[PDB]
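Just so it is clear, none of the values below were taken in a lab; they were calculated from the coordinates. With ideal geometry, Cβ positions are generated from the backbone for all residues, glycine too; neighbour counts draw on all protein chains shown.
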Amino acid sequence: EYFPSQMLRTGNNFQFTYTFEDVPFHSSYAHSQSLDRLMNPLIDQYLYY
Amino acid sequence: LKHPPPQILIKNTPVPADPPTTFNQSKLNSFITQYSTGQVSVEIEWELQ
């Protein structure tokens with residue numbers, strides 16, 4: 001009760017608007033590759049292990 | 001002459017013979033034999049005493 005408030009009888013109405021802040025898109029998709037498979041399957045690397 | 005007439009370098013561009021159909025990393029050293037011919041002109045102006 002310690003905030004300002006609007007009082008309504010049976011003829012009154014209430015409304016407000018709001019804007020969202022910038023947020024990244026939800027990703028709706030699955031990846032068709034896996035992280036350990038990103039290489040070219042036909043070629044050797046020039047590095048060594 | 002401290003700045004003589006410059007030297008002029010000329011070369012035939014290498015043309016490979018057909019490569020293998022599976023990739024290989026070694027440099028191609030298989031070539032079609034070629035030579036070239038042409039004309040060359042040189043004109044010098046000389047001062048007389």
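With q set to 0.18, 0.22 Å⁻¹, the log10 of I(q)/I(0) for chain A, from the Debye formula over equal scatterers at the Cα positions, is -0.89, -1.01. Principal axis extents of the Cα atoms in the protein assembly as shown, from largest to smallest and rounded to whole angstrom, are 117, 57, 30. Spacing of the modelled spin labels on A:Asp44 and A:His31, each 7 Å from Cα toward Cβ, amounts to 2.8 nm.
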